[PDB]
Amino acid sequence: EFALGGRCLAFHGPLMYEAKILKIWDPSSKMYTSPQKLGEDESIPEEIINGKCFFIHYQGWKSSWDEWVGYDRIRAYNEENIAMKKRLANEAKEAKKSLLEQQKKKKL
DNA sequence: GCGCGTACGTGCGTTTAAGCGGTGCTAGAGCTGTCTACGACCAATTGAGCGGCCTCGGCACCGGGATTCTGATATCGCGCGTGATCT
């Protein structure tokens with residue numbers, strides 16, 4: 001499902017975004033395939049370094065926002081995941097509309 | 001000044017082709033030599049162009065008249081609203 005250079009979805013806040021995998025980290029043998037060992041200037045977060053994490057560059061966002069990803073924050077870019085990302089988007093939009101309506105009512 | 005709506009701007013992704021480096025080919029721009037005929041120069045002269053004067057008629061002036069025409073009001077017609085009568 002998670003192929004090097006492939007497409008996927010990711011967790012960031014309450015809304016999902018499309019991302020492309022640039023590197024994949026194997027913790028058992030401790031290197032990433034883009035087998036290249038950890039660089040001095042490259043650091044993987046400790047919370048996910050022990051697990052197989054993924055370097056992903058997200059679509060619709062500049063190149064200088066990419067970072068490493070564990071299993072939890074990422075998902076396969078399938079029809080179910082696409083629909084659920086859309087659902088999260090509509091939920092956020094409705095929540096914002098409800099908040100602004102509540103503020104307007106309070107002001108009155 | 002206010003309100004709407006939409007159409008550029010900003011940004012990210014994908015695609016295109018500009019750009020650079022390299023080599024080949026030959027077309028034409030440049031240069032050189034030679035030669036001829038075209039133009040400047042000169043002299044003579046006569047005729048086309050210019051200054052001037054005269055005659056006249058095209059057009060500027062002035063007066064009277066016809067014609068738009070611009071603006072308002074009003075009349076008449078059409079449409080909308082209110083009242084009265086019929087179903």
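Residues numbered from 1 in each chain as written, not as in the entry; some residues may be left out. Chains lettered and ligands numbered in written order. Part of a larger assembly, values for the part shown. Heavy atoms only, no water.

This deposited entry lists cryo-EM as its structure determination method and 2.8 Å as its resolution.

S.K.: Just to check I follow, could you spell out the pattern of salt bridges for this structure?
M.R.: A side chain of one charge can pair with a side chain of the opposite charge when the charged atoms of the two come close. By the definition in use, this model includes four salt bridges. The residue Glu 67 makes a salt bridge to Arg 73 at a minimum N-O spacing of 2.5 Å. For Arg 73, a relative accessible area of 18% gives the class buried. (Salt bridge = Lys/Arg side-chain N within 4 Å of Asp/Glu carboxyl O. Buried < 20%, exposed > 50% of the residue type's maximum accessible area, 1.4 Å probe, protein only.)

S.K.: Would you mind showing me how to read the side chain of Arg 75 here?
M.R.: In this fold, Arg 75 is placed in strand β6 (residues 74–75). Buried charge without a salt bridge: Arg 75, with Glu 80 as the nearest opposite-charge side chain at an N-O distance of 4.3 Å. Reaching out from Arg 75, the side chain makes a polar contact with the side chain of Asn 81 at a distance of 2.6 Å. Apart from residues lying up to four places away in sequence, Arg 75 is in contact with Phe 2, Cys 8, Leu 9, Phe 11, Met 16, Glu 80, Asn 81, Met 84 and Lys 85. (Helix = DSSP H or I, 4+ residues; strand = E, 2+ residues; numbered from the N terminus. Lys, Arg positive; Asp, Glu negative; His and termini not counted. Polar contact = N/O pair within 3.5 Å; in protein donor to acceptor, adjacent residues only side chain to side chain. Contact = heavy atoms within 4.5 Å.)

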